[PDB]
file protein.csv (CSV, C-alpha atoms)
chain,number,residue,atom,x,y,z
B,6,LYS,CA,0.0,0.0,0.0
B,7,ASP,CA,0.6,1.5,-2.4
B,8,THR,CA,0.0,-1.2,-4.9
B,9,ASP,CA,2.4,0.9,-7.0
B,10,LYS,CA,6.1,0.8,-8.1
B,11,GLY,CA,7.8,-0.3,-11.3
B,12,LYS,CA,5.1,-1.2,-13.8
B,13,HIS,CA,7.0,-3.5,-16.3
B,14,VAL,CA,3.9,-3.3,-18.4
B,15,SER,CA,3.1,-4.4,-21.3
B,16,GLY,CA,-0.6,-5.1,-21.8
B,17,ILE,CA,-3.5,-7.4,-22.3
B,18,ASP,CA,-5.8,-6.5,-19.6
B,19,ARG,CA,-6.3,-9.3,-17.2
B,20,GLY,CA,-7.4,-7.3,-14.2
B,21,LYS,CA,-5.3,-5.9,-11.4
B,22,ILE,CA,-2.1,-7.8,-10.9
B,23,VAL,CA,0.5,-6.6,-8.4
B,24,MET,CA,3.6,-8.5,-7.5
B,25,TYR,CA,5.5,-7.9,-4.3
B,26,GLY,CA,9.1,-9.2,-4.4
B,27,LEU,CA,12.6,-8.9,-3.2
B,28,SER,CA,15.2,-7.7,-5.8
B,29,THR,CA,17.8,-10.1,-4.4
B,30,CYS,CA,15.8,-13.3,-4.8
B,31,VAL,CA,15.7,-15.6,-7.8
B,32,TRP,CA,12.1,-16.9,-7.6
B,33,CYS,CA,10.7,-13.4,-7.0
B,34,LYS,CA,12.5,-12.2,-10.2
B,35,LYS,CA,11.4,-15.4,-11.9
B,36,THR,CA,7.8,-14.5,-11.0
B,37,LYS,CA,7.9,-11.0,-12.6
B,38,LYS,CA,9.8,-12.4,-15.6
B,39,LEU,CA,6.9,-15.0,-15.9
B,40,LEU,CA,4.4,-12.2,-15.8
B,41,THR,CA,6.5,-10.3,-18.4
B,42,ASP,CA,6.6,-13.5,-20.5
B,43,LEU,CA,2.9,-13.8,-20.3
B,44,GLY,CA,2.7,-10.4,-21.7
B,45,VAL,CA,0.1,-9.2,-19.2
B,46,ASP,CA,-0.7,-5.8,-17.7
B,47,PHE,CA,0.7,-5.6,-14.1
B,48,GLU,CA,2.7,-3.8,-11.4
B,49,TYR,CA,5.6,-4.9,-9.4
B,50,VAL,CA,7.2,-3.6,-6.2
B,51,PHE,CA,10.7,-4.6,-5.0
B,52,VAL,CA,10.2,-4.1,-1.2
B,53,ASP,CA,13.9,-4.3,-0.3
B,54,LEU,CA,14.5,-1.2,-2.5
B,55,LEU,CA,11.8,0.9,-0.9
B,56,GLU,CA,12.5,3.7,1.7
B,57,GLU,CA,11.7,2.6,5.2
B,58,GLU,CA,8.3,4.0,5.7
B,59,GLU,CA,7.2,2.9,2.3
B,60,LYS,CA,8.9,-0.5,2.7
B,61,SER,CA,7.0,-0.8,5.9
B,62,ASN,CA,3.7,0.0,4.2
B,63,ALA,CA,4.3,-2.6,1.5
B,64,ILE,CA,5.1,-5.2,4.2
B,65,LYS,CA,1.7,-4.5,5.9
B,66,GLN,CA,-0.2,-4.9,2.6
B,67,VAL,CA,1.5,-8.2,1.9
B,68,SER,CA,0.6,-9.6,5.3
B,69,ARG,CA,-3.2,-8.9,4.7
B,70,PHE,CA,-3.0,-11.6,2.0
B,71,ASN,CA,-0.1,-13.5,3.2
B,72,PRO,CA,0.4,-13.7,7.0
B,73,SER,CA,3.7,-15.5,6.4
B,74,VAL,CA,4.8,-12.3,4.7
B,75,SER,CA,6.9,-14.4,2.3
B,76,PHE,CA,7.9,-13.2,-1.2
B,77,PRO,CA,6.8,-13.5,-3.8
B,78,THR,CA,3.2,-12.5,-3.1
B,79,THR,CA,1.0,-11.7,-6.1
B,80,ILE,CA,-2.2,-9.9,-5.4
B,81,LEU,CA,-5.2,-10.2,-7.8
B,82,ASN,CA,-8.0,-7.6,-8.0
B,83,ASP,CA,-7.2,-6.6,-4.4
B,84,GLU,CA,-8.8,-10.0,-3.6
B,85,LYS,CA,-6.7,-13.2,-4.3
B,86,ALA,CA,-3.1,-13.8,-3.5
B,87,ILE,CA,-0.7,-16.3,-5.0
B,88,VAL,CA,2.2,-17.0,-2.7
B,89,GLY,CA,5.4,-18.3,-4.4
B,90,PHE,CA,6.7,-18.7,-7.9
B,91,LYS,CA,3.7,-20.9,-8.9
B,92,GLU,CA,3.5,-20.8,-12.7
B,93,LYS,CA,0.5,-23.0,-13.5
B,94,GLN,CA,-1.4,-21.3,-10.7
B,95,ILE,CA,-0.6,-17.9,-12.0
B,96,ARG,CA,-1.2,-18.9,-15.6
B,97,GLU,CA,-4.5,-20.4,-14.7
B,98,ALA,CA,-5.5,-17.4,-12.7
B,99,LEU,CA,-4.8,-15.0,-15.5
B,100,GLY,CA,-6.2,-17.3,-18.2
B,101,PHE,CA,-3.3,-19.2,-19.5
call {"tool": "encode", "arguments": {"input": "protein.csv", "output": "structure tokens"}}
result
Amino acid sequence: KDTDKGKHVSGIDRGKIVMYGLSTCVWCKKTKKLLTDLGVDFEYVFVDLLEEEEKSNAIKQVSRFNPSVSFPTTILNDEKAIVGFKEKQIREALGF
């Protein structure tokens, strides 16, 4: 919160897709790369790179959908969350 940062986007409207990740983690980056490969419209936020108050905001948002607060956490329509680099699950949820 915000659900904003570095919109690597790209298009094909498949709703509101926001990925929270860490810039220093392989599967987080693999998740956004997957979203990029899918060619979908989305936002991604690298929490480790955020200033402290914002970084703390983003953490609190992630925990609303993921009490583990693990990354990656992808949030759909402000409603559903996909925890982890789960390709079929992400593909299925965006129509692939």
call {"tool": "residues_around", "arguments": {"input": "protein.csv", "residues": "range 48-50 of chain B", "least_positions_apart": "3", "cutoff": "7 Å", "atoms": "all atoms listed in the file", "output": "ChimeraX atom specification"}}
result
/B:9-13,22-26
call {"tool": "write_last_selection", "arguments": {"input": "protein.csv", "atoms": "C-alpha atoms", "output": "PDB file, in the frame of the given file"}}
result
ATOM      1  CA  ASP B   9       2.400   0.900  -7.000  1.00  0.00           C
ATOM      2  CA  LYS B  10       6.100   0.800  -8.100  1.00  0.00           C
ATOM      3  CA  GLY B  11       7.800  -0.300 -11.300  1.00  0.00           C
ATOM      4  CA  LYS B  12       5.100  -1.200 -13.800  1.00  0.00           C
ATOM      5  CA  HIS B  13       7.000  -3.500 -16.300  1.00  0.00           C
ATOM      6  CA  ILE B  22      -2.100  -7.800 -10.900  1.00  0.00           C
ATOM      7  CA  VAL B  23       0.500  -6.600  -8.400  1.00  0.00           C
ATOM      8  CA  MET B  24       3.600  -8.500  -7.500  1.00  0.00           C
ATOM      9  CA  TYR B  25       5.500  -7.900  -4.300  1.00  0.00           C
ATOM     10  CA  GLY B  26       9.100  -9.200  -4.400  1.00  0.00           C
TER      11      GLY B  26
END
call {"tool": "atom_distance", "arguments": {"input": "protein.csv", "atom1": "CA of residue 31 in chain B", "atom2": "CA of residue 51 in chain B"}}
result
12.4 Å
call {"tool": "residues_around", "arguments": {"input": "protein.csv", "residues": "residue 18 in chain B", "least_positions_apart": "5", "cutoff": "10 Å", "atoms": "only C-alpha atoms", "output": "VMD selection string"}}
result
chain B and resid 44 to 47 99
call {"tool": "residues_near_point", "arguments": {"input": "protein.csv", "point": "(4.2, -11.8, -19.6)", "cutoff": "10 Å", "atoms": "only C-alpha atoms", "output": "PDB file with C-alpha atoms, in the frame of the given file"}}
result
ATOM      1  CA  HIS B  13       7.000  -3.500 -16.300  1.00  0.00           C
ATOM      2  CA  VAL B  14       3.900  -3.300 -18.400  1.00  0.00           C
ATOM      3  CA  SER B  15       3.100  -4.400 -21.300  1.00  0.00           C
ATOM      4  CA  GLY B  16      -0.600  -5.100 -21.800  1.00  0.00           C
ATOM      5  CA  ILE B  17      -3.500  -7.400 -22.300  1.00  0.00           C
ATOM      6  CA  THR B  36       7.800 -14.500 -11.000  1.00  0.00           C
ATOM      7  CA  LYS B  37       7.900 -11.000 -12.600  1.00  0.00           C
ATOM      8  CA  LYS B  38       9.800 -12.400 -15.600  1.00  0.00           C
ATOM      9  CA  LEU B  39       6.900 -15.000 -15.900  1.00  0.00           C
ATOM     10  CA  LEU B  40       4.400 -12.200 -15.800  1.00  0.00           C
ATOM     11  CA  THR B  41       6.500 -10.300 -18.400  1.00  0.00           C
ATOM     12  CA  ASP B  42       6.600 -13.500 -20.500  1.00  0.00           C
ATOM     13  CA  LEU B  43       2.900 -13.800 -20.300  1.00  0.00           C
ATOM     14  CA  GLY B  44       2.700 -10.400 -21.700  1.00  0.00           C
ATOM     15  CA  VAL B  45       0.100  -9.200 -19.200  1.00  0.00           C
ATOM     16  CA  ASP B  46      -0.700  -5.800 -17.700  1.00  0.00           C
ATOM     17  CA  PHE B  47       0.700  -5.600 -14.100  1.00  0.00           C
ATOM     18  CA  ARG B  96      -1.200 -18.900 -15.600  1.00  0.00           C
TER      19      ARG B  96
END
call {"tool": "closest_residue", "arguments": {"input": "protein.csv", "among": "B:27, B:69, B:19, B:56", "to": "residue 95 in chain B", "atoms": "all atoms listed in the file"}}
result
B:19
call {"tool": "closest_residue", "arguments": {"input": "protein.csv", "among": "B:32, B:68, B:54, B:100", "to": "residue 80 in chain B", "atoms": "only C-alpha atoms"}}
result
B:68
call {"tool": "atom_distance", "arguments": {"input": "protein.csv", "atom1": "CA of residue 33 in chain B", "atom2": "CA of residue 76 in chain B"}}
result
6.4 Å
call {"tool": "atom_distance", "arguments": {"input": "protein.csv", "atom1": "CA of residue 85 in chain B", "atom2": "CA of residue 70 in chain B"}}
result
7.5 Å
call {"tool": "closest_residue", "arguments": {"input": "protein.csv", "among": "B:29, B:71, B:90, B:101", "to": "residue 52 in chain B", "atoms": "only C-alpha atoms"}}
result
B:29
call {"tool": "closest_residue", "arguments": {"input": "protein.csv", "among": "B:55, B:81, B:64, B:88", "to": "residue 20 in chain B", "atoms": "all atoms listed in the file"}}
result
B:81
call {"tool": "closest_residue", "arguments": {"input": "protein.csv", "among": "B:6, B:35, B:21, B:65", "to": "residue 83 in chain B", "atoms": "all atoms listed in the file"}}
result
B:21
call {"tool": "closest_residue", "arguments": {"input": "protein.csv", "among": "B:98, B:78, B:84, B:28", "to": "residue 63 in chain B", "atoms": "all atoms listed in the file"}}
result
B:78
